[PDB]
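Just start-v7.cif here, mmCIF, C-alpha atoms and all ligand atoms:
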```cif
data_upload
#
loop_
_atom_site.label_atom_id
_atom_site.label_comp_id
_atom_site.auth_asym_id
_atom_site.auth_seq_id
_atom_site.Cartn_x
_atom_site.Cartn_y
_atom_site.Cartn_z
CA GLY A 4 -43.02 -177.00 -20.22
CA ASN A 5 -46.70 -176.31 -19.48
CA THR A 6 -47.52 -179.22 -17.13
CA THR A 7 -49.06 -178.63 -13.74
CA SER A 8 -49.64 -181.68 -11.55
CA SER A 9 -50.94 -182.52 -8.08
CA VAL A 10 -50.45 -184.96 -5.23
CA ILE A 11 -53.56 -185.68 -3.15
CA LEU A 12 -52.78 -185.87 0.56
CA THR A 13 -54.37 -187.68 3.45
CA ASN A 14 -54.79 -185.81 6.72
CA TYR A 15 -54.42 -188.06 9.77
CA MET A 16 -55.63 -186.26 12.95
CA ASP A 17 -54.18 -182.88 11.85
CA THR A 18 -50.73 -184.26 12.77
CA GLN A 19 -49.65 -186.25 9.69
CA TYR A 20 -50.11 -185.25 6.08
CA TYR A 21 -48.94 -187.66 3.45
CA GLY A 22 -49.48 -188.67 -0.17
CA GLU A 23 -48.56 -191.67 -2.26
CA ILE A 24 -45.68 -192.25 -4.63
CA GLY A 25 -44.78 -195.29 -6.75
CA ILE A 26 -41.20 -196.61 -6.77
CA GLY A 27 -39.96 -199.18 -9.28
CA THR A 28 -41.30 -201.33 -12.07
CA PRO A 29 -43.94 -202.34 -11.45
CA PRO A 30 -44.68 -199.49 -9.03
CA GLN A 31 -44.47 -200.22 -5.33
CA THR A 32 -46.64 -197.67 -3.57
CA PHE A 33 -45.55 -195.78 -0.45
CA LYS A 34 -47.16 -193.27 1.87
CA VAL A 35 -44.80 -190.34 2.20
CA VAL A 36 -44.58 -187.00 3.94
CA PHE A 37 -43.53 -184.19 1.61
CA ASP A 38 -41.02 -182.30 3.73
CA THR A 39 -39.61 -178.85 2.88
CA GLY A 40 -37.34 -179.10 5.95
CA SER A 41 -35.26 -181.91 4.40
CA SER A 42 -33.92 -182.85 0.96
CA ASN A 43 -33.62 -186.67 0.77
CA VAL A 44 -36.14 -189.22 -0.38
CA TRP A 45 -36.36 -192.44 1.59
CA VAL A 46 -38.63 -195.39 2.17
CA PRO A 47 -38.20 -198.44 4.38
CA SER A 48 -36.26 -201.30 2.78
CA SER A 49 -36.99 -205.02 2.45
CA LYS A 50 -33.44 -205.26 3.88
CA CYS A 51 -34.54 -203.64 7.17
CA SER A 52 -34.13 -206.09 10.05
CA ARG A 53 -37.61 -207.16 11.18
CA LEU A 54 -36.39 -206.65 14.76
CA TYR A 55 -37.22 -203.03 13.88
CA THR A 56 -40.97 -203.29 14.46
CA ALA A 57 -41.48 -200.18 12.30
CA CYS A 58 -40.31 -202.33 9.38
CA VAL A 59 -42.90 -204.97 10.23
CA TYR A 60 -45.69 -202.33 10.13
CA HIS A 61 -44.68 -200.26 7.09
CA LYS A 62 -44.45 -200.97 3.39
CA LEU A 63 -40.92 -202.06 2.45
CA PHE A 64 -39.31 -201.34 -0.91
CA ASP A 65 -38.13 -204.56 -2.48
CA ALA A 66 -35.46 -203.87 -5.10
CA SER A 67 -35.67 -207.55 -6.05
CA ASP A 68 -39.21 -206.91 -7.39
CA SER A 69 -38.24 -203.88 -9.52
CA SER A 70 -36.77 -204.27 -13.00
CA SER A 71 -35.82 -200.56 -13.17
CA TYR A 72 -33.73 -200.63 -9.95
CA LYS A 73 -30.14 -199.45 -10.11
CA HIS A 74 -27.86 -200.39 -7.24
CA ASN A 75 -25.67 -197.86 -5.49
CA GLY A 76 -25.31 -199.05 -1.90
CA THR A 77 -23.59 -196.02 -0.33
CA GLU A 78 -24.46 -195.92 3.38
CA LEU A 79 -26.42 -192.92 4.58
CA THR A 80 -27.91 -191.74 7.83
CA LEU A 81 -30.61 -189.09 7.97
CA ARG A 82 -30.68 -187.36 11.34
CA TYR A 83 -33.91 -185.51 11.89
CA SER A 84 -34.69 -183.47 14.99
CA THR A 85 -37.22 -186.18 16.03
CA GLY A 86 -35.21 -189.27 15.17
CA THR A 87 -32.85 -191.02 12.83
CA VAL A 88 -33.05 -193.44 9.93
CA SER A 89 -30.18 -195.20 8.32
CA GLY A 90 -29.64 -197.35 5.27
CA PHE A 91 -28.21 -197.13 1.76
CA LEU A 92 -28.67 -195.33 -1.55
CA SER A 93 -30.59 -196.84 -4.42
CA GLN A 94 -31.93 -195.55 -7.68
CA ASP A 95 -35.22 -196.34 -9.33
CA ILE A 96 -38.11 -194.71 -11.15
CA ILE A 97 -40.38 -192.66 -8.85
CA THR A 98 -43.89 -191.67 -9.87
CA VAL A 99 -45.17 -188.56 -8.06
CA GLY A 100 -48.38 -186.81 -9.21
CA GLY A 101 -48.28 -188.67 -12.54
CA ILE A 102 -44.78 -187.30 -13.15
CA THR A 103 -42.21 -190.05 -13.52
CA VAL A 104 -38.57 -189.42 -12.58
CA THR A 105 -35.31 -191.35 -12.12
CA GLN A 106 -34.40 -190.68 -8.51
CA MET A 107 -31.76 -191.65 -5.99
CA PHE A 108 -33.37 -192.47 -2.64
CA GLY A 109 -32.54 -194.09 0.68
CA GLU A 110 -33.54 -197.66 1.37
CA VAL A 111 -33.89 -197.50 5.14
CA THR A 112 -32.66 -200.57 7.00
CA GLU A 113 -32.64 -199.06 10.50
CA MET A 114 -35.94 -197.51 11.49
CA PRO A 115 -36.51 -196.81 15.20
CA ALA A 116 -39.86 -197.41 16.86
CA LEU A 117 -39.91 -193.80 18.02
CA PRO A 118 -41.18 -191.92 16.12
CA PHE A 119 -41.83 -194.33 13.23
CA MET A 120 -44.20 -196.77 14.90
CA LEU A 121 -46.43 -193.70 15.28
CA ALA A 122 -46.22 -192.83 11.57
CA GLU A 123 -49.07 -193.58 9.17
CA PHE A 124 -46.56 -192.72 6.46
CA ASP A 125 -43.78 -195.08 5.36
CA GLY A 126 -41.16 -192.58 4.25
CA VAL A 127 -40.29 -189.04 3.31
CA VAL A 128 -39.88 -187.06 0.13
CA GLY A 129 -37.58 -184.12 0.91
CA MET A 130 -38.63 -180.92 -0.87
CA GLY A 131 -35.65 -178.88 0.32
CA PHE A 132 -32.55 -177.88 -1.60
CA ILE A 133 -29.61 -179.98 -2.73
CA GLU A 134 -27.40 -178.10 -0.23
CA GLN A 135 -29.19 -179.89 2.65
CA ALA A 136 -29.19 -183.31 0.96
CA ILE A 137 -27.20 -185.96 2.81
CA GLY A 138 -24.65 -187.36 0.39
CA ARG A 139 -25.33 -184.48 -2.06
CA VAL A 140 -28.06 -186.56 -3.81
CA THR A 141 -30.16 -184.55 -6.27
CA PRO A 142 -33.54 -183.93 -4.61
CA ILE A 143 -36.66 -185.07 -6.42
CA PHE A 144 -37.94 -181.61 -7.29
CA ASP A 145 -34.57 -180.67 -8.88
CA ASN A 146 -34.87 -183.81 -11.04
CA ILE A 147 -38.47 -182.89 -11.98
CA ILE A 148 -37.29 -179.38 -12.92
CA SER A 149 -34.53 -180.91 -15.11
CA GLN A 150 -37.26 -182.62 -17.19
CA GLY A 151 -38.59 -179.20 -18.25
CA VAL A 152 -42.27 -180.25 -17.99
CA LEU A 153 -43.42 -177.93 -15.15
CA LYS A 154 -45.00 -174.59 -16.10
CA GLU A 155 -43.16 -172.89 -13.21
CA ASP A 156 -40.29 -173.78 -10.87
CA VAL A 157 -42.63 -173.75 -7.86
CA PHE A 158 -44.65 -176.08 -5.70
CA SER A 159 -47.54 -175.30 -3.37
CA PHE A 160 -49.00 -176.88 -0.23
CA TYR A 161 -52.58 -177.01 0.96
CA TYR A 162 -53.22 -178.78 4.25
CA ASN A 163 -56.90 -179.19 5.09
CA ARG A 164 -58.36 -178.58 8.55
CA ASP A 165 -60.89 -181.42 7.99
CA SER A 166 -59.17 -184.71 8.94
CA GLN A 170 -65.49 -187.26 2.36
CA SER A 171 -62.87 -184.58 1.52
CA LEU A 172 -59.19 -184.27 0.55
CA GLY A 173 -56.75 -184.02 3.46
CA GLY A 174 -54.49 -181.72 1.45
CA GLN A 175 -52.87 -181.10 -1.92
CA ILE A 176 -49.41 -180.40 -3.31
CA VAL A 177 -49.38 -178.66 -6.67
CA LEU A 178 -46.15 -179.26 -8.58
CA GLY A 179 -45.53 -176.41 -11.03
CA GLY A 180 -47.93 -173.83 -9.63
CA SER A 181 -50.67 -173.26 -7.10
CA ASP A 182 -54.39 -174.03 -6.93
CA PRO A 183 -56.71 -170.99 -6.50
CA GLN A 184 -59.51 -173.38 -5.34
CA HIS A 185 -57.60 -173.61 -2.01
CA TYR A 186 -56.53 -170.01 -1.36
CA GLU A 187 -57.90 -166.48 -1.48
CA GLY A 188 -56.54 -162.97 -1.68
CA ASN A 189 -53.06 -162.18 -2.92
CA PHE A 190 -49.90 -164.04 -2.10
CA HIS A 191 -47.52 -162.20 0.19
CA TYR A 192 -43.98 -163.14 -0.80
CA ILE A 193 -41.03 -163.30 1.59
CA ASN A 194 -37.52 -163.84 0.21
CA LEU A 195 -35.38 -166.59 1.66
CA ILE A 196 -32.40 -165.52 3.76
CA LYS A 197 -30.47 -167.71 1.35
CA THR A 198 -30.87 -170.38 -1.29
CA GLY A 199 -30.29 -173.85 0.21
CA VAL A 200 -33.01 -173.80 2.90
CA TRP A 201 -36.71 -172.82 3.04
CA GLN A 202 -35.99 -170.36 5.83
CA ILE A 203 -37.08 -166.74 6.14
CA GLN A 204 -36.43 -163.88 8.54
CA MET A 205 -38.99 -163.47 11.32
CA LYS A 206 -39.38 -160.08 12.99
CA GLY A 207 -41.37 -160.97 16.13
CA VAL A 208 -43.67 -163.44 17.84
CA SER A 209 -46.60 -161.88 19.71
CA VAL A 210 -49.05 -163.21 22.26
CA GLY A 211 -51.96 -160.77 21.81
CA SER A 212 -50.52 -157.25 21.27
CA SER A 213 -47.34 -158.05 23.30
CA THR A 214 -44.32 -158.97 21.11
CA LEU A 215 -42.30 -160.47 23.97
CA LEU A 216 -40.47 -162.95 21.67
CA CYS A 217 -38.02 -162.66 18.73
CA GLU A 218 -37.73 -158.88 19.31
CA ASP A 219 -34.37 -158.49 17.50
CA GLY A 220 -35.25 -160.93 14.68
CA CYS A 221 -34.99 -164.70 14.41
CA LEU A 222 -35.23 -167.51 11.84
CA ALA A 223 -38.35 -169.33 10.63
CA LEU A 224 -38.13 -172.56 8.69
CA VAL A 225 -41.28 -173.24 6.65
CA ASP A 226 -41.49 -176.97 7.23
CA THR A 227 -44.22 -178.94 5.52
CA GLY A 228 -42.97 -182.17 7.11
CA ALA A 229 -43.52 -180.94 10.68
CA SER A 230 -46.80 -181.30 12.58
CA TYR A 231 -46.59 -178.22 14.74
CA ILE A 232 -45.17 -174.79 15.02
CA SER A 233 -41.90 -175.06 16.92
CA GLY A 234 -39.29 -172.85 18.50
CA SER A 235 -36.28 -173.31 20.75
CA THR A 236 -36.91 -174.71 24.22
CA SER A 237 -36.31 -171.31 25.86
CA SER A 238 -38.49 -169.53 23.28
CA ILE A 239 -41.33 -172.03 23.70
CA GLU A 240 -41.02 -172.03 27.50
CA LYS A 241 -41.56 -168.23 27.50
CA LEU A 242 -44.41 -168.52 24.97
CA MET A 243 -46.08 -171.18 27.11
CA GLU A 244 -45.65 -169.24 30.38
CA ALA A 245 -47.56 -166.42 28.64
CA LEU A 246 -50.33 -168.85 27.55
CA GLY A 247 -50.45 -170.46 31.03
CA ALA A 248 -49.81 -173.92 29.56
CA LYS A 249 -48.31 -176.91 31.42
CA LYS A 250 -45.27 -178.78 30.09
CA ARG A 251 -45.57 -182.55 29.63
CA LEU A 252 -42.96 -184.94 28.11
CA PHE A 253 -43.78 -184.32 24.44
CA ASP A 254 -46.32 -181.47 24.40
CA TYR A 255 -47.89 -178.57 26.19
CA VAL A 256 -51.46 -178.64 27.49
CA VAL A 257 -54.08 -176.34 28.95
CA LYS A 258 -57.27 -177.27 30.76
CA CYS A 259 -59.70 -177.80 27.86
CA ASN A 260 -62.10 -175.16 29.18
CA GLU A 261 -59.26 -172.59 28.88
CA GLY A 262 -58.54 -173.49 25.25
CA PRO A 263 -60.99 -171.07 23.60
CA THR A 264 -59.91 -168.20 25.95
CA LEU A 265 -56.23 -168.43 24.83
CA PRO A 266 -54.79 -165.31 23.14
CA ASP A 267 -53.82 -164.87 19.51
CA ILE A 268 -50.29 -165.70 18.45
CA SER A 269 -48.81 -163.59 15.65
CA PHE A 270 -45.70 -164.24 13.56
CA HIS A 271 -44.19 -161.14 12.00
CA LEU A 272 -43.12 -162.39 8.54
CA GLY A 273 -42.08 -160.07 5.69
CA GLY A 274 -43.79 -157.02 7.21
CA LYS A 275 -47.18 -158.68 8.00
CA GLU A 276 -48.55 -160.29 11.15
CA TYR A 277 -49.62 -163.90 10.54
CA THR A 278 -52.08 -164.45 13.35
CA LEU A 279 -53.28 -167.80 14.66
CA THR A 280 -56.25 -167.80 17.05
CA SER A 281 -56.67 -170.45 19.76
CA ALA A 282 -58.90 -172.40 17.34
CA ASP A 283 -55.86 -172.64 15.03
CA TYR A 284 -53.42 -174.07 17.65
CA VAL A 285 -55.51 -175.87 20.31
CA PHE A 286 -56.66 -179.43 19.77
CA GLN A 287 -60.05 -178.60 21.22
CA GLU A 288 -61.26 -182.17 21.93
CA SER A 289 -63.42 -181.08 24.89
CA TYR A 290 -64.51 -178.06 26.95
CA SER A 291 -64.14 -179.84 30.31
CA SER A 292 -62.09 -178.28 33.14
CA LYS A 293 -61.16 -181.88 34.15
CA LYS A 294 -59.53 -182.67 30.78
CA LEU A 295 -56.35 -181.45 29.14
CA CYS A 296 -56.07 -180.22 25.57
CA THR A 297 -52.84 -180.31 23.60
CA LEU A 298 -51.38 -177.28 21.84
CA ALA A 299 -50.06 -177.65 18.30
CA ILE A 300 -46.88 -175.82 19.35
CA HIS A 301 -43.78 -177.37 20.97
CA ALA A 302 -40.00 -177.14 21.42
CA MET A 303 -37.66 -178.28 18.66
CA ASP A 304 -34.02 -177.38 19.27
CA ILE A 305 -32.38 -177.37 15.87
CA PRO A 306 -28.58 -177.07 15.86
CA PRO A 307 -26.56 -174.72 13.62
CA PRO A 308 -26.16 -173.83 10.85
CA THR A 309 -29.96 -174.28 10.33
CA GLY A 310 -30.90 -173.35 13.90
CA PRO A 311 -31.67 -172.21 16.45
CA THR A 312 -34.87 -171.52 14.51
CA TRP A 313 -38.62 -171.48 14.63
CA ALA A 314 -40.35 -173.94 12.30
CA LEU A 315 -43.77 -173.32 10.80
CA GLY A 316 -45.36 -176.73 10.26
CA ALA A 317 -48.89 -177.96 9.59
CA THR A 318 -50.44 -175.76 12.32
CA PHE A 319 -49.35 -172.74 10.27
CA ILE A 320 -49.80 -174.14 6.77
CA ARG A 321 -53.42 -175.11 7.57
CA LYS A 322 -54.22 -171.40 7.84
CA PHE A 323 -51.80 -170.17 5.19
CA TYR A 324 -51.62 -171.81 1.78
CA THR A 325 -47.91 -171.87 0.97
CA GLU A 326 -46.16 -171.50 -2.38
CA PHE A 327 -42.49 -172.45 -2.46
CA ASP A 328 -40.82 -170.53 -5.28
CA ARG A 329 -37.50 -172.04 -6.45
CA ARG A 330 -37.23 -169.70 -9.44
CA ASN A 331 -37.09 -166.60 -7.19
CA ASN A 332 -35.97 -168.09 -3.78
CA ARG A 333 -39.08 -166.97 -1.93
CA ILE A 334 -42.09 -168.22 -0.08
CA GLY A 335 -45.58 -166.94 -0.83
CA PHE A 336 -48.30 -167.13 1.82
CA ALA A 337 -52.00 -166.71 1.05
CA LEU A 338 -55.14 -167.33 3.16
CA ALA A 339 -56.12 -171.01 2.81
CA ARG A 340 -59.73 -172.04 2.09
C1 LIG B 1 -47.12 -182.69 7.99
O1 LIG B 1 -47.06 -184.07 8.35
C2 LIG B 1 -45.82 -184.40 8.98
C3 LIG B 1 -45.93 -185.59 9.93
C4 LIG B 1 -44.53 -185.99 10.44
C5 LIG B 1 -44.12 -185.16 11.66
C6 LIG B 1 -43.00 -185.89 12.38
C7 LIG B 1 -41.68 -185.52 12.41
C8 LIG B 1 -41.01 -184.33 11.81
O2 LIG B 1 -41.41 -183.25 12.19
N1 LIG B 1 -39.96 -184.37 10.93
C9 LIG B 1 -39.36 -185.63 10.43
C10 LIG B 1 -40.30 -186.63 9.73
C11 LIG B 1 -40.85 -186.11 8.40
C12 LIG B 1 -39.53 -187.93 9.52
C13 LIG B 1 -39.40 -183.06 10.50
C14 LIG B 1 -39.52 -182.85 8.98
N2 LIG B 1 -38.77 -181.65 8.55
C15 LIG B 1 -37.34 -181.74 8.89
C16 LIG B 1 -37.22 -181.69 10.42
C17 LIG B 1 -35.76 -181.68 10.83
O3 LIG B 1 -35.21 -182.74 11.02
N3 LIG B 1 -35.04 -180.53 11.01
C18 LIG B 1 -33.61 -180.59 11.42
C19 LIG B 1 -32.74 -179.82 10.40
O4 LIG B 1 -33.33 -178.53 10.19
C20 LIG B 1 -34.69 -178.54 9.72
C21 LIG B 1 -35.59 -179.17 10.80
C22 LIG B 1 -37.95 -182.91 11.03
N4 LIG B 1 -41.01 -186.42 13.14
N5 LIG B 1 -41.80 -187.32 13.56
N6 LIG B 1 -43.08 -187.05 13.09
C23 LIG B 1 -44.18 -187.87 13.42
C24 LIG B 1 -44.05 -189.26 13.28
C25 LIG B 1 -45.12 -190.08 13.62
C26 LIG B 1 -46.29 -189.52 14.13
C27 LIG B 1 -46.42 -188.14 14.28
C28 LIG B 1 -45.35 -187.32 13.93
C1 LIG B 2 -22.90 -194.37 -5.92
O1 LIG B 2 -22.98 -193.04 -6.44
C2 LIG B 2 -21.75 -192.30 -6.32
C3 LIG B 2 -21.95 -190.82 -6.63
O2 LIG B 2 -23.00 -190.63 -7.58
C4 LIG B 2 -20.69 -192.96 -7.23
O3 LIG B 2 -19.40 -192.33 -7.11
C5 LIG B 2 -20.53 -194.42 -6.85
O4 LIG B 2 -19.70 -195.08 -7.82
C6 LIG B 2 -21.88 -195.15 -6.77
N1 LIG B 2 -21.58 -196.49 -6.25
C7 LIG B 2 -21.93 -197.64 -6.84
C8 LIG B 2 -21.49 -198.89 -6.14
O5 LIG B 2 -22.57 -197.70 -7.88
#
```
Written form, structure tokens:
Amino acid sequence: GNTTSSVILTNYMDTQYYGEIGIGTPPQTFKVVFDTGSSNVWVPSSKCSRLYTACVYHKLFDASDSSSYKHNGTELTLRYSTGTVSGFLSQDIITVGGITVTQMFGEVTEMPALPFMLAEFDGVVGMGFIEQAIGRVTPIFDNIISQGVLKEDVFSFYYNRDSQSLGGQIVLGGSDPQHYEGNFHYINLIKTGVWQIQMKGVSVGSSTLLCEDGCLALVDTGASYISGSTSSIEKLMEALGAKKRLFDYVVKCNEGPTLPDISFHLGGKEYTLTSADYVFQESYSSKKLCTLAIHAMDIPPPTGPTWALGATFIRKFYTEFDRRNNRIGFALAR
């Protein structure tokens, strides 16, 4: 086809980026993260026990209010690196960016307070490949492609730095030159089935003392931060002089601006973040601590161990995900 369409995103505190979808007839609206690091769609279910407080605080899909619902009921569990949801498969009509599609999705009945009581979003729309989909369910973008309406077999992500402006934008079927500049630099995927590319080094200043012999980088739109393995991140943080807490790393806020550049060697170029790009600079006080937008995520094989380039990275680099050619294009965001 020749359709290009967009999903307007909200940016909550530079840590959560989410848009809205409609499910059912009439449409029930959900806030969802669009996640290239997974391939299932899910929303919380009306059948979620209200003893799960997350299900008290989020919008619940009620199949009993939708005339286009089609029962399946196969149990499924989605195990993310940060937590787990469980429930069952349903089918209904999903509206995303004014595109309407028949989609199998998870109705989540078990929704733990961590992390989901911290989520502004209700659910997740996986933008990964069918090969990562739990229960082999056709991901939403594969179903949109099957309709033959999109101009290209690509989707693009813009995540704004500002958190009276759009928080971000997903273009389905292309990219938006309003939100990037210069040429795209394209890196091929290591393989179809995952949005993962070869990385050739991680530098702190001019010193590439990480990933010297090559490593993996997942381009993960559903992650808040840049992440690496615990041992990788520990060495990175020792070089920055950052202190490890339970869930994050911190520096004294006065040190934040003095922190060195971090470069990611992707497809022959250095993608450099300055301290402004990865320090939550909420203060300049030596008596306060400022969080870094980088932390440990230990991802098991076959996907990991791997780095993941989340919102911290995507904020600087507008990202095109090319399904037609199995590649990722990065351009300077604006
Ligand atoms: C850009 O906006 C994203 C905001 C969500 C970030 C997040 C994640 C998160 O990073 N993920 C799973 C999520 C999508 C349910 C990621 C999404 N991508 C897949 C990741 C994953 O599970 N893996 C394991 C398999 O290999 C790929 C990485 C997890 N977990 N909790 N939170 C969060 C929850 C409340 C408050 C603040 C953060
Ligand atoms: C659920 O979907 C699977 C695979 O698409 C199918 O084999 C099964 O019959 C469905 N179950 C029900 C109860 O409709």
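Using only C-alpha atoms, the protein and nucleic acid residues lying no more than 7 Å from residue 175 in chain A, apart from those fewer than 4 places from it along its own chain, are residues 9, 10, 11, 12, 160, 161 and 162 of chain A.
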Discussion item. With distances taken over all atoms listed in the file, which residue among A:105, A:280, A:32, A:233 lies nearest residue 299 in chain A?
Written reply: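 Nearest to residue 299 in chain A: A:233.
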Worksheet entry | Shell around range 305-319 of chain A at 6 Å using only C-alpha atoms, local window under 2 positions removed, as a list in words |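 With the cut-off at 6 Å, the set is residues 222, 223, 224, 225, 226, 227, 229, 230, 231, 232, 233, 234, 321 and 322 of chain A.
For the pair CA of residue 286 in chain A and CA of residue 206 in chain A, the interatomic distance is 26.8 Å.
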Worksheet item: Which neighbours of residue 294 in chain A fall inside 12 Å, counting all atoms listed in the file, when residues of the same chain fewer than 5 positions from it are skipped, and could you give them as a ChimeraX atom specification?
Response: /A:256-262,286-289
Worksheet item: Using all atoms listed in the file, which of the listed residues (A:59, A:196, A:92, A:137) sits closest to residue 76 in chain A?
Response: A:92
Item to complete: Please indicate the distance in Å from CA of residue 219 in chain A to CA of residue 236 in chain A, rounded to one decimal place.
Response: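 Calculated distance between CA of residue 219 in chain A and CA of residue 236 in chain A is 17.7 Å.
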Given 7 Å and only C-alpha atoms and all ligand atoms, residues near ligand LIG 2 (chain B) as an mmCIF file with C-alpha atoms, keeping the file's coordinate frame:
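part.cif was written with the following content:
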```
data_model
loop_
_atom_site.group_PDB
_atom_site.id
_atom_site.type_symbol
_atom_site.label_atom_id
_atom_site.label_comp_id
_atom_site.auth_asym_id
_atom_site.auth_seq_id
_atom_site.Cartn_x
_atom_site.Cartn_y
_atom_site.Cartn_z
ATOM 1 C CA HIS A 74 -27.860 -200.390 -7.240
ATOM 2 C CA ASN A 75 -25.670 -197.860 -5.490
ATOM 3 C CA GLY A 76 -25.310 -199.050 -1.900
ATOM 4 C CA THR A 77 -23.590 -196.020 -0.330
#
```
Practice prompt. Please indicate the distance in Å from CA of residue 97 in chain A to CA of residue 135 in chain A, rounded to one decimal place.
Written response: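 Between these atoms lies a distance of 20.5 Å.
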Around all the atoms of range 43-52 of chain A listed in the file, draw an axis-aligned box and extend it by 6 Å on each of the six sides; I want its centre and edge lengths in Å to one decimal, as AutoDock Vina command-line options.
```
--center_x -36.0 --center_y -196.4 --center_z 4.8 --size_x 17.2 --size_y 31.4 --size_z 22.4
```
Worksheet item: Leaving out residue 78 in chain A and any residue of its chain fewer than 2 positions from it, which residues lie within 9 Å of it when counting all atoms listed in the file, given as an MDAnalysis selection string?
Response: chainID A and resid 76 80 89:92 109
Discussion item. When you look at residue 187 in chain A with a cut-off of 9 Å (counting only C-alpha atoms), what residues show up, excluding the ones that are within fewer than 3 positions of it in the same chain? I need them as a PyMOL selection string.
Written reply: chain A and resi 183-184+190+324+337-340
Listing only residues of range 83-183 of chain A within 12 Å of range 43-52 of chain A, what is the closest atom pair and its distance in Å (to one decimal) for each, using all atoms listed in the file, sorted by chain and residue number ascending, as CSV?
```
residue,atom,partner,partner_atom,distance
A:83,CA,A:43,CA,11.2
A:87,CA,A:45,CA,11.9
A:88,CA,A:45,CA,9.0
A:89,CA,A:47,CA,9.5
A:90,CA,A:48,CA,8.1
A:91,CA,A:48,CA,9.1
A:92,CA,A:45,CA,8.8
A:93,CA,A:45,CA,9.4
A:94,CA,A:44,CA,10.5
A:95,CA,A:44,CA,11.5
A:97,CA,A:44,CA,10.1
A:99,CA,A:44,CA,11.9
A:105,CA,A:44,CA,12.0
A:106,CA,A:44,CA,8.4
A:107,CA,A:44,CA,7.5
A:108,CA,A:44,CA,4.8
A:109,CA,A:45,CA,4.3
A:110,CA,A:48,CA,4.8
A:111,CA,A:47,CA,4.5
A:112,CA,A:51,CA,3.6
A:113,CA,A:51,CA,6.0
A:114,CA,A:47,CA,7.5
A:115,CA,A:51,CA,10.7
A:119,CA,A:47,CA,10.4
A:124,CA,A:46,CA,9.4
A:125,CA,A:46,CA,6.1
A:126,CA,A:46,CA,4.3
A:127,CA,A:45,CA,5.5
A:128,CA,A:44,CA,4.3
A:129,CA,A:43,CA,4.7
A:130,CA,A:43,CA,7.8
A:131,CA,A:43,CA,8.1
A:132,CA,A:43,CA,9.2
A:133,CA,A:43,CA,8.5
A:134,CA,A:43,CA,10.6
A:135,CA,A:43,CA,8.3
A:136,CA,A:43,CA,5.6
A:137,CA,A:43,CA,6.8
A:138,CA,A:43,CA,9.0
A:139,CA,A:43,CA,9.0
A:140,CA,A:43,CA,7.2
A:141,CA,A:43,CA,8.1
A:142,CA,A:43,CA,6.0
A:143,CA,A:44,CA,7.3
A:144,CA,A:44,CA,10.4
A:145,CA,A:43,CA,11.4
```
